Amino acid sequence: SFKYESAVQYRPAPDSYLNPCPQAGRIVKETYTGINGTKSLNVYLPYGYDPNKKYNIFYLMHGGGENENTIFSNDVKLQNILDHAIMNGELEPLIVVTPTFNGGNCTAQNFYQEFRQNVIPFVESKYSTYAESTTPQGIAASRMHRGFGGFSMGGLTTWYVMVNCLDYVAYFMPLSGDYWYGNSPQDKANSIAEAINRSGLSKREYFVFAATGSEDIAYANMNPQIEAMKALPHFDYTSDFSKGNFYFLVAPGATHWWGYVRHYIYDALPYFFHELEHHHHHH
């Protein structure tokens, strides 16, 4: 009973969504060794997680100064929003992964390489996604059920994920972060357009739901990037992803703080993973 709207507006989760929900997804701390050394991440599995079913997966990056535990810590409590939203039927059940760009030689900009080579095969070998295998071919063939997003420095991470991993990821949620590649907004947009051209993908095969707050400094550099992207033929601007593939949600009054950004995820994540989905849904 989710229905797409064409210009979804900011709306915070009800306050009760911030308290624990009895139908709580399990959160598993995992440790793996990859190109940036031994690192950890958290896997949120939906209440009712059944290893015989296939789940969409969304990887979600923290901001500067934070870590893999931030988003499910008491300072953010994203899992309470996820739990209550899934239990109420606003959000189809999914796996949510919070990794880190910290450790070894990792940075927000270069994390996409560890993501492709280590993080995906590590997580999706153990937890049931649409990936039928974790070879490059098997990851690529489940791209429509895989998303990436993040806040601030983790927003920057998302843009670099999109430009380097369109073959593996179809849905993007950059929050309060702009793409640092280029000397003008057009350089940023053209870089994105060129990665799209190289991928071969049609316009119905990638989706960008960006967001920030009207009181968030990230707005000043995001907005011109968004305007340059809108002018590309690669993007059709609308939150109705049955018709287009690009939107920019700007929350009135919101500042550069997880207390607000978590609600951007509540607003946007229910828009993800419906195009070419395996179920029979009317959205």
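What we label the rigid core is the largest C-alpha set whose atoms superpose within 1.5 Å from one form to the other. For every residue, the number given is its place in the sequence shown, counted from 1.
The rigid core fit leaves 177-185 as the farther-lying stretch in 4 other deposited structures of this protein, judged by Cα positions and set against 177-185 and 149-157. Remark: stretch with higher mean C-alpha B factor among 81-89 and 103-111 is 103-111. According to the PDB record, 14-22 carries the higher mean C-alpha B-factor of the two stretches 14-22 and 256-264. Of the residues listed, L166, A189, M144, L156, the entry assigns the biggest Cα temperature factor to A189. You'll see in the entry that, of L45, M222, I57, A251, the Cα B factor peaks at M222. Among the modelled residues of its chain, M61 has a C-alpha B-factor that falls in the lowest third according to the deposited record. Among all modelled residues in this chain, the alpha-carbon of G200 has a temperature factor (C-alpha) in the highest third. In the deposited entry, the Cα temperature factor of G150 sits in the bottom third of values across the chain's modelled residues. Looking at the C-alpha B-factors along this chain, the one for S128 belongs to the middle third. Ranked by Cα temperature factor within the chain, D50 sits in the highest third according to the deposited record.
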